[PDB]
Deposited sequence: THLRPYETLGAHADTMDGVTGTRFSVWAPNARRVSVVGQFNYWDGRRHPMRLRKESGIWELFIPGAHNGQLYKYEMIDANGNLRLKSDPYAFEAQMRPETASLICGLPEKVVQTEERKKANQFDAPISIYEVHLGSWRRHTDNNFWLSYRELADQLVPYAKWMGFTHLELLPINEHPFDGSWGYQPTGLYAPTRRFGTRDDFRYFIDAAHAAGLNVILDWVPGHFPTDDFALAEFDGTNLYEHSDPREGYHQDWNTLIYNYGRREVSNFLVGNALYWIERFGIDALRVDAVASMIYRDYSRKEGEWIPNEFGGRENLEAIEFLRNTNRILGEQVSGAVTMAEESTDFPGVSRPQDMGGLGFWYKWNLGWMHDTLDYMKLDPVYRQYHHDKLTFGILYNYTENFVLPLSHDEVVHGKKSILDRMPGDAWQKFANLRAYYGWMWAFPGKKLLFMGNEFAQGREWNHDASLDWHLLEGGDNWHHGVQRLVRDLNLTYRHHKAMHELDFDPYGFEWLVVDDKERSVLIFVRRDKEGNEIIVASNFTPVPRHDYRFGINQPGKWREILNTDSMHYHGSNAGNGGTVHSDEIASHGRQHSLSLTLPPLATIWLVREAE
């Protein structure tokens, strides 16, 4: 099939009877004369000129002498044309940023997705995502140097495992010239950025995450076009990948193939378990208002991906409300598995930002999320996009003095981990970093030095939340089935107390109660479905995270006393600015 253009183009290693070498392949429909430079070729085009094939379009030439390990570029005349030293677009590795040349390397081996890594990707799974910018997670203390891929294999991977995440999500690791793009303005789409080491160093890093029982989600940018370093624009002299606001042309089957391959490339040749596409709204908008060319391309890919690599999922962030982004292509379209719930993020943060005394008027911000919960398969994200550009850290959004801010933050996490939808937390959120995220420095790990403090408390809470959320199927099995969620107290606006139930397929119930004001609530009676002995399995006010240790303090048995149109009732202590999770003890 014509499906994986990385398996044939690029710069492979082939044999031509005994004599060994490097079977090159580029792509230009016009051009007129393209050849190969490098260290095996003295960087001069009149030593190895390359021969065209007219039907397909690929200029090529086996070369007996150039090995895996030597630098190279290309050299072409174009539609008329000029002289251009073009970079291989299928460069599986790229030189350091002196000249940004390519490098002769093969395909890395091949990874078979396990059945356990597929099982961690499915709708009924616990999914907690640690999202990380590899360039600013951590840095060496003495010189502020990046950690390598192998150092991240030793430090980021165990830290994520211990913290209880199921997934690691990397910002784009495309090669790219500018740090401050974070990876969203790429040059080498097929090359693991050399900032952190070789391509095999990065492959080693993925096996390590895999060894630790982590899936790796990769941020994938098929919707951002290379605008820097002349790399992919006016390439052959005409407009191949580029069109005629410097966007892509997903027209030709060989711009499609380039992209479809790149998705397949990471999943198959590194072991990547999920891809996340950002800004689908900018991809399919800006005939109709739409961009029907890009709608077809996503719809296509997510069906191709669903049958080739049947276990690896896709996720999307769409900033309008294009309907059914996470619904099958046959009707609605797009065909992703998951979608980021930005609406939820905006609504709940707005709620958290409110002075607690004003919360009674904005109850709607917490209860609205159920309405549209079953229109998409949702990821509750607390992303990098939320903590830069003057938007503040998540911690600094909270009202109150220091202790009140932290208690607020803990309750919000308590609530978030209970609420229907998968989970995503950006690095530094877990220890309540005070400052906005700075891509040019390490995170504020200095906060965690010295005596045990409030940041230790939040980090502990995130790990307990992760471990409690995994474990109990009620917390994660039925995110997308109305059966998995039922309000117990939706309408206590006055006191800002919200209670609801989570449910597994067996029908076990976990009660989540949030008190969003610093007024302690004693003897708060509410109705329940399953009478019996009840017990706290989670309490954001526990002194373990530096709360006041307010709580129910033991087993609590219910009463046959009606409440909220229900036959039996629990009467509980609700701690101030706090959520608690209750479980039913078996009889």
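Asker: As a test: can you identify every run of the deposited sequence that has no C-alpha position in this structure, in order?
Answerer: Model skips 245 to 255, 298 to 311 of the deposited chain.
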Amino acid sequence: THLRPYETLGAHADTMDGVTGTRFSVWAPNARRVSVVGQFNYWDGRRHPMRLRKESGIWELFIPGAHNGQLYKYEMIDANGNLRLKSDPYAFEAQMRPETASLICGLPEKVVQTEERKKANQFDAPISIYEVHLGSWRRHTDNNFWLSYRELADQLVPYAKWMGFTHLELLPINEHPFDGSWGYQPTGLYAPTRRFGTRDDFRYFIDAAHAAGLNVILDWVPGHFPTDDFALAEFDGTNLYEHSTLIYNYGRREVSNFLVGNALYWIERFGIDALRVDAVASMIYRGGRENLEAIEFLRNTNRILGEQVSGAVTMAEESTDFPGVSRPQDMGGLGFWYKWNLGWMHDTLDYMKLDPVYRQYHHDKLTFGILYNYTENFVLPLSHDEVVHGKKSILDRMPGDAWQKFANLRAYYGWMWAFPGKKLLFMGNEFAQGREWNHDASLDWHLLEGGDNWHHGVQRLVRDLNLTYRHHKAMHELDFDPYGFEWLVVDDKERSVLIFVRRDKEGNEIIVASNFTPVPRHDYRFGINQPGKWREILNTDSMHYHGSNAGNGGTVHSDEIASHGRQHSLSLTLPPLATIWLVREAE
From here on, numbers count along this sequence of modelled residues.
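Asker: Between 470 to 478 and 180 to 188, name whichever shows the higher mean Cα B factor according to the PDB entry.
Answerer: Per the deposited B-factors, the answer is 180 to 188.
Asker: Tell me which stretch, 562 to 570 or 18 to 26, has the higher mean Cα B-factor listed in the entry.
Answerer: Higher mean C-alpha B-factor in the PDB entry: 18 to 26.
Asker: By the entry's C-alpha temperature factors, tell me which of 385, 78, 449, 504 sits highest.
Answerer: Checking the PDB record, the top C-alpha B-factor among 385, 78, 449, 504 is at 78.
Asker: What's the residue among 417, 351, 74, 516 with the greatest CA temperature factor in the PDB record?
Answerer: Most elevated C-alpha B-factor of the set, per the entry: 74.
Asker: According to the PDB entry, is the CA B factor of residue 46 in the bottom, middle or top third of its chain, that is, lowest, middle or highest?
Answerer: As the PDB entry reports it, the C-alpha B-factor of residue 46 lands in the highest third of its chain.
Asker: When the deposited Cα B-factors of this chain's modelled residues are ordered and cut into thirds, is residue 230 in the lowest, the middle or the highest one?
Answerer: Its C-alpha B-factor belongs to the highest third of this chain's values.
Asker: Among all modelled residues of this chain, ranked by Cα B factor, put residue 275 in the bottom, middle or top third, i.e. lowest, middle or highest.
Answerer: Middle third, going by the recorded CA B-factors of the chain.
Asker: Taking only the Cα B-factors deposited for this chain, tell me whether residue 582 sits in the lowest, middle or highest third.
Answerer: Bottom third by C-alpha B-factor.
Asker: Classify residue 118 as lowest, middle or highest third according to the C-alpha B-factor given in the PDB entry, relative to its own chain.
Answerer: Middle third.
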